[PDB]
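Chains, contacts and geometry: an overview
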Amino acid sequence: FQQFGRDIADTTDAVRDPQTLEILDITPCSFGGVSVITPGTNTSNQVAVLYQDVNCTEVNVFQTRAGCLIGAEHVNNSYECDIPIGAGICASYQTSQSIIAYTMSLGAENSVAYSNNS
Amino acid sequence: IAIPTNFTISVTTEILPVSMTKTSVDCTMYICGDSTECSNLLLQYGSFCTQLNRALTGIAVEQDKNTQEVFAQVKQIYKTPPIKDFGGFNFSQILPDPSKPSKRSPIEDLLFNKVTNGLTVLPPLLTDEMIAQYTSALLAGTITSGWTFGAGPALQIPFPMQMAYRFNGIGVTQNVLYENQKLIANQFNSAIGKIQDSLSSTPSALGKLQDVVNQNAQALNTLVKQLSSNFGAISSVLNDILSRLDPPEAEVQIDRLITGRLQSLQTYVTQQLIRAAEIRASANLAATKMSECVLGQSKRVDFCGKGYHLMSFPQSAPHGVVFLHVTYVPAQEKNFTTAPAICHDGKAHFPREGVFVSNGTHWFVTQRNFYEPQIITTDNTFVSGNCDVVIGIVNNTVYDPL
Amino acid sequence: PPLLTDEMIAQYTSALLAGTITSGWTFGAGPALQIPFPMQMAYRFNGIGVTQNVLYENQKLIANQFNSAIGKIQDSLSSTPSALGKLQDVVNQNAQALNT
Amino acid sequence: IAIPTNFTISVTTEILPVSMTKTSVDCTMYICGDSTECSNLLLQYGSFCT
Amino acid sequence: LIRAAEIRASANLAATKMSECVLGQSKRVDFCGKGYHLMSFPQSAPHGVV
Ligand SMILES: *[C@@H]1O[C@H](CO)[C@@H](O[C@@H]2O[C@H](CO)[C@@H](O)[C@H](O)[C@H]2NC(C)=O)[C@H](O)[C@H]1NC(C)=O
Ligand SMILES: *[C@@H]1O[C@H](CO)[C@@H](O[C@@H]2O[C@H](CO)[C@@H](O)[C@H](O)[C@H]2NC(C)=O)[C@H](O)[C@H]1NC(C)=O
Ligand SMILES: *[C@@H]1O[C@H](CO)[C@@H](O[C@@H]2O[C@H](CO)[C@@H](O)[C@H](O)[C@H]2NC(C)=O)[C@H](O)[C@H]1NC(C)=O
Ligand SMILES: *[C@@H]1O[C@H](CO)[C@@H](O)[C@H](O)[C@H]1NC(C)=O
Ligand SMILES: *[C@@H]1O[C@H](CO)[C@@H](O)[C@H](O)[C@H]1NC(C)=O
Ligand SMILES: *[C@@H]1O[C@H](CO)[C@@H](O)[C@H](O)[C@H]1NC(C)=O
Ligand SMILES: *[C@@H]1O[C@H](CO)[C@@H](O)[C@H](O)[C@H]1NC(C)=O
Ligand SMILES: *[C@@H]1O[C@H](CO)[C@@H](O)[C@H](O)[C@H]1NC(C)=O
Ligand SMILES: *[C@@H]1O[C@H](CO)[C@@H](O)[C@H](O)[C@H]1NC(C)=O
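Keep in mind that residues are numbered from 1 along each chain as the sequence reads, not by the entry's scheme, and that residues without coordinates are left out. Whichever chain is written first becomes A and whichever ligand is written first becomes 1, with later ones labelled in order. A larger assembly contains the chains shown, and all values are computed for the shown part only. Computation of side-chain values: all heavy atoms of the structure, hydrogens and water removed. Residues with missing side-chain atoms are left out of burial classes, side-chain pairs and their counts.

1. Brief notes about helix α5 (residues 128-145) of chain B
Heads up, the condition is: The secondary structure listing takes helices from DSSP runs of H or I that are at least 4 residues long and strands from runs of E that are at least 2 residues long, numbered from the N terminus. Multiplying 1.5 Å by the residue count of a helix minus one yields the expected span of that helix.
Its 18 residues place the ends of α5 of chain B 25 Å apart at the C-alpha level, agreeing with the 26 Å of an ideal helix rising 1.5 Å per residue. Backbone geometry just downstream of α5 of chain B places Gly146 of chain B in the positive-phi region, at approximately 65 degrees.

This is the structure we're talking about:
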C-alpha cells in the first residue's frame, strides 16, 4: 500500500508508477560550479576551465576527482605545486608554452647512510 | 633527602584536530530552486550571497593552509635503511607496513578503522597517501639523524649514541644508558606494545576527532531541515504557492520564505566562521607541538607529556595528528642524611655537580637523579671560603688524589 | 552554580603550595621527593648561572629580602587603586549584556 | 665591561581571568511568555531555538 | 559565543603559565616576570588566578 518512498532527510527518492506498478529511483541531474585557471594576463591570455564534480559527458578533456578539466594537457613528470586544483593535482604555465596538469611532487628523494659505526 | 635508584620508560598519547571539511553552498539555488520570480525578487536584496560565498571560500583556503603548515615541515624525503640493527630497539609498530597496501603503519590502520540540494563538498588538496609519506619521512629522518636534520643538513648517528645524548640532556650520565641498554630497550618495546593494545580497547580514544565530524554533520542536517518551514506563509512549497495564489498576492509569501531562508543561511555561516577560528587555533598549537617536540628535545614542563622528555614520534589520523611522547620518570627511592658543605682544614668544600650524602657511617657525593655514590676527592669539590659562615657544615676528610 | 566550589579551589592551591615548598619540582615529574629549602634555593641559583656560595653565604639577607617583598606585595594589593580590573571588566560586560 | 656586585629579590603579581558566569535563557519563555497562541505562531519558524 | 572564545584563550594561557612556571623553572624571558626567574606561587581569586 506504499505509494512513494522518502529519505532520512525527508527527500523524495523513490516513486511507483501508477499505471504499471513498478519501483523507480529519482536522482537530481548534475550541477556544479565553474572555475577558470589562468596565469597572469601579463604573461599570456590562454585559460583553462575546470567543471567541478561533473562527469565528463554533460559538456583535450581530462578527468580528475575534483571534476572535469578542459584545456590542460596531462604529463608524466612531477613539479612543485603552482595553482592547486584538488586531490594532489596542480597546473602551471610551462613550456612551446601551454598549460599542463600533473601530480605535485613532495620533495627530492633522499636516503641517509646509516651504520652502527659511522 | 630522597634520591631515586631506578627508572621506568613510559609512552603516552595526544590527539589534536587539524582540519575541517571543505563545503560550499549555492545561495541562489538554496533560496530559490529554479524559480524565475523568486530569483527576480531576491535580486532586490544586494550582495548577501556574494558575501557568504566569499566567506566559505576563505574557510576552505584556511583549512588547506592549516594542513599544509602542520605537515609540510621537511624539505627532503628520507628513507630508513633496509637493515634494522638499531642497537636492540624494535620500531616495527610505527614504521610503514610494506605488505599491506596504502603503506600505513599498523597503529595508523587502527586509528583509521576507529573513526568509521545546493550543497557541495570539495576534496582536500593533500591526500592520505601524501600525508603518510610526510609522516614516514619525518619518522625516518628522526630515527636516523636525531635533531640534525631539522637543524640543518642531515647527519647520521647510531641510535644508542643518540639516546646517550638524550639522557645527557636531562641531567643523567650516559653511563646509565651504556649499562642498562637491554632493560631500556625492553621497557620501550613493552610500552609501545601496551599503547598499541590499549588504543583499540579504549572506546573514547578519538573523542575530539569524532566530535568535530558530529558537529559538522549536525549543522548541515539542521540547515537542510530548516528548508521545510512555513515561516508564516500559506505553504512551504514554492510551486504549489505559485499554482494556488494570484500574482499580486504571491509576492508576500515569496518574500516571507526568502527572509526566513536568508536568515538561516546567515546563522549557518556565522557558526561556521566561529568553528573554523577554533580549529585554526588548534592547528597552530599542533604545528608548534610538532616543531618543538619531534624535531628537537624540549625542557618545558608538561609540554610533551608527563615526566622528563626524551623524544616523540608522529602518526597521522583522519583530520588530525597523533603524538607518542616518550618520557623518563624516577621509580624507586630511598632517603639519606645530607649536608651543604664539608670542612677539611678550615676550608669549605662544595659539590661541583651533585649533592653530598651519607648512609650513616661514610659520606659520598652522587648525581641528582640517580643514586651512584663516589668517594670524595678534590675533583668533585671546589674550595670557597672558610668554616665559619655556612650554616650546618659537617666535619669530614677530603681525599687527595695526588 | 559552578561544579567546583571555592573551598575545593583553595584545597587545590594549598596542595600545590605545599608540594612546591616541600619538594621543589620533583612532584610535577614523578613521585614527591623531600629536599631542604635552602638546598632547593641553591639549586635554583645554580640554574641561572650563579654558584651556590652566594646563597650559602647570604642566606639571612635573602630571607630578609623575601619576607620584606612579601609584605610589600600584601600592602600594595590592599592599598592599590583597583588593580583587579581584569576580573571586574568581565563581570561588568556580562551584566551590561544581560541588562540590555 | 660592567659586572654586578650585589643583587635584590623582587616579587611581582599577575592577574588572569579563567571563567565567566554560567547562564541559560529560556528561549520559548522569553519570546512567548505563557501564551498558547504565541507558541503556536512561533512553532512555524523551525529550529531557531534548539 | 564571541566573548567565550576569548575567555577560553585566556584560560589556556593561564593553564600553560601554571604548568610551566609553578611546577618548574623556566628560561623564557619575561614569561614569568622581569628578571631571572626563581619560583612562583599561585593564589585563587573570583573567576581567576593570581
Ligand atoms: C630496576 O627496575 C627494573 C624494572 O624496571 C628491574 O628489572 C626487573 O628485575 C626483576 C628482578 O631481577 C625481573 O624479574 C624483571 O623481569 C625485570 N624487569 C625487566 C623489564 O627486565 C631491575 O631489577 C631494577 N633494579 C634494581 C637495582 O632494583
Ligand atoms: C618487532 O615487533 C614485532 C611485533 O610487534 C615482531 O614481530 C613478531 O615476531 C614474532 C617472532 O617471529 C612472531 O611470532 C610475531 O607474530 C610477530 N608479530 C608481528 C605483528 O609480526 C618483530 O619480530 C620485532 N622485531 C624483532 C627484531 O624481533
Ligand atoms: C655505608 O656505605 C659504606 C661504603 O660501602 C659501607 O661500608 C662498607 O661496609 C661493608 C659491609 O657491609 C664492608 O664490607 C666494606 O668494607 C665497607 N667499606 C668501607 C670503605 O669500609 C657501610 O657499611 C654502609 N653503611 C651501612 C649501614 O650499610
Ligand atoms: C491500466 O491499464 C493497462 C492496460 O491494460 C494495464 O496493463 C494496467 O495494469 C492497468 N493498471 C492497473 C493499476 O491495473
Ligand atoms: C563518469 O563517466 C564515465 C564515462 O562515461 C562513466 O563510466 C562513469 O560511470 C561515470 N560516473 C558516474 C558516477 O556517473
Ligand atoms: C605516461 O606516459 C604514457 C605515454 O608516454 C601515457 O600513456 C601515460 O598515461 C602517462 N602516465 C602518467 C601518469 O602521466
Ligand atoms: C625515610 O627514612 C625513614 C627513616 O630513615 C624511613 O622509615 C622511611 O621509610 C624513609 N622513607 C622512604 C620513602 O623510604
Ligand atoms: C635542624 O633543625 C633542628 C631543629 O630546629 C636543629 O636542632 C638542627 O641543628 C638543625 N640542623 C642543622 C644542621 O643546623
Ligand atoms: C668541625 O671541626 C672543627 C675543627 O676544630 C671543630 O672546631 C668543630 O667543632 C667541628 N664541628 C662539630 C660539629 O663538632
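From this point on, the discussion continues.
2. Here we look at the UniProt feature "disulfide bond" in chain E
All names here are of chain E. As a reminder, the rule being used: Disulfides are defined in this document as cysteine sulfur pairs within 2.5 Å. UniProt positions are given in the numbering used here, feature names are shortened, and annotations may be inferred rather than shown by experiment. Note on classification: 1.4 Å probe, protein chains only; a residue is buried when its accessible area is under 20% of the maximum for its type, exposed when over 50%, partly exposed between these limits.
In this model the annotated disulfide between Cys21 and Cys32 is intact, with an S-S distance of 2.0 Å against a 2.5 Å threshold. One end of the pair, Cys21, is in helix α1 (residues 2-21); the other, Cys32, is in the loop between α1 and β1 (44-45), with eleven residues separating them in the sequence. Here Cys21 falls in the buried class, since its relative accessible area comes to 6%.

3. Comments concerning the sheet that holds β1 of chain E
Strand pairing within a sheet occurs via backbone hydrogen bonds; the two strands may be parallel or antiparallel. How we decide: Any two strands are treated as partners once DSSP identifies two or more bridges connecting them.
The three strands are arranged β1(D)-β2(E)-β1(E) in an open sheet whose pairing can be described as antiparallel. In this open sheet, the two edge strands, each paired with only one partner strand, are β1 (16-17) of chain D together with β1 of chain E. Relative to strand β2 (residues 48-49) of chain E, β1 of chain E runs antiparallel, the two sharing two bridges. Within β2 of chain E, the residue paired with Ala45 of chain E across the bridge is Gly48 of chain E.

4. Focus on the pattern of salt bridges
We apply this condition: When a carboxyl oxygen of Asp or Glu lies within 4 Å of a side-chain nitrogen of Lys or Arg, that pair is called a salt bridge.
Going through the model one piece at a time under the given rule, you end up with 13 salt bridges over all chains. In this structure, the salt-bridge partner of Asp10 of chain A is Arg6 of chain A, at a minimum N-O distance of 3.5 Å. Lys22 of chain B is the salt-bridge partner of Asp64 of chain B, the closest N and O atoms lying 2.8 Å from each other. Highlighted residues: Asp64 of chain B in helix α3 (residues 48-71) and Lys22 of chain B in the loop between β2 (14-17) and β3 (23-25), separated in sequence by 42 residues. For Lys22 of chain B, a relative accessible area of 11% translates into the label buried. One connected set of salt bridges, linked through shared partners, spans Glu292 and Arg300 of chain B together with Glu20 and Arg28 of chain E.

5. As for the interface of chain C and chain B
Interface size, as often reported, equals the accessible area lost upon joining of the parts. This is how the line gets drawn: Throughout, a residue-residue contact means that at least one pair of heavy atoms, one from each residue, lies within 4.5 Å. Amino acids are sorted into nonpolar (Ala, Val, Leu, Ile, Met, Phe, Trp, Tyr, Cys and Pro), charged (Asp, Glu, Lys and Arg) and polar (every other residue, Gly among them).
With 17 residues of chain C in contact, the opposing surface of chain B contributes 23 residues. Where chain C meets chain B, there are zero salt bridges. Among the secondary structure elements, those contributing two or more residues to the side of chain C that touches chain B are α2 (37-46) and α3 (52-78) of chain C. Among the elements that take part in the side of chain C that touches chain B, α3 of chain C stands out by supplying four residues, more than any other. The residue makeup of the side of chain C that touches chain B, split by class, is nine nonpolar, seven polar and one charged.

6. Details of the UniProt feature "disulfide bond" in chain A
All names here are of chain A. The sulfur atoms of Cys56 and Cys68, a pair UniProt annotates as disulfide-bonded, sit 2.0 Å apart here, close enough for the bond to be present. A sulfur-sulfur distance of 2.0 Å is found for the UniProt-listed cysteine pair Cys81 and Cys90, consistent with formation of the disulfide (criterion: under 2.5 Å). Under the relative-accessibility criterion, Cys81 is labelled partly exposed at 30%. On the accessibility criterion, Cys90 (0% relative accessible area) is buried.

7. Structural notes on the site of ligand 3
Residue and element names in this part refer to chain B. Selection rule: Near is defined per residue: the residue qualifies when any heavy atom it owns lies within 4 Å of the molecule or strand. Within 3.5 Å is the distance limit for a polar contact, defined as a pair of N or O atoms, with the added protein rule that one can donate a hydrogen and the other accept it, and that residues adjacent in sequence qualify only through two side-chain atoms. Residue burial considers only the protein chains on display, and all accessible areas are found by Shrake-Rupley using a 1.4 Å probe.
All residues in the neighbourhood of ligand 3 are listed as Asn359, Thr361, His362 and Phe364. Within the side chain of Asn359, a nitrogen or oxygen atom sits 2.4 Å from an oxygen atom of ligand 3. Summarising the interface, the protein chains cover 25% of the accessible area of ligand 3, which totals 580 Å² for the free molecule.

8. Quick look at the state of the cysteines
Inspection of the entire model under this criterion finds nine disulfides over all chains. Two residues share a disulfide in this structure: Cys343 of chain B and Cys387 of chain B, whose sulfurs sit 2.0 Å from each other. Residue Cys343 of chain B is found in strand β7 (residues 342-343), and its partner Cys387 of chain B is found in the loop between β11 (381-383) and β12 (394-395); the two are separated by 44 residues along the sequence. Through a disulfide, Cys32 of chain D is tied to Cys38 of chain D; the S-S separation comes to 2.0 Å. Looking along the S-S bond of the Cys32 of chain D-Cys38 of chain D disulfide, the torsion reads about -55 degrees, which is the left-handed sense.

9. Considerations on the packing of aromatic side chains
Defined as follows: Pairing of aromatic side chains requires ring centres within 6.5 Å, counting the rings of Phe and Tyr and the six-membered ring of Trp. Pairs whose planes differ by under 30 degrees are stacked, by over 60 edge-to-face, and all others tilted. In this analysis the charged atom, NZ for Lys or CZ for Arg, is taken to sit over a ring once it is within 6 Å of the ring centre and within 35 degrees of the ring normal.
The full count for this structure, using the stated rule, is 19 aromatic pairs over all chains. With a centroid separation of 6.0 Å and 45 degrees between ring planes, the pair formed by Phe7 of chain B and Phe370 of chain B is classed as tilted. The burial state of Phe7 of chain B is the same as that of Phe370 of chain B; both residues are buried. Three or more aromatic residues joined by ring pairs form one cluster here, namely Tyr114 of chain A together with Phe86, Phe89, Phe91, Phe159, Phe188 and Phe313 of chain B. It is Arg104 of chain B that lies over the ring of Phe112 of chain B; its NZ or CZ is 4.4 Å from the centre.

10. A short note on the pairing of strand β5 (residues 308-317) of chain B
Residue and element names in this part refer to chain B. Counting buried residues in β5 gives nine out of ten residues, a clear majority hidden from the surface. Of the pairings in the sheet, the one linking β5 to strand β6 (residues 320-335) comprises nine bridges and is antiparallel in character. Residue pairing in the sheet places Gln315 in a bridge with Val322 of β6. From the end of β5 to the start of β6, which pair antiparallel, there are two residues, and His319 there has a positive phi angle of about 55 degrees.

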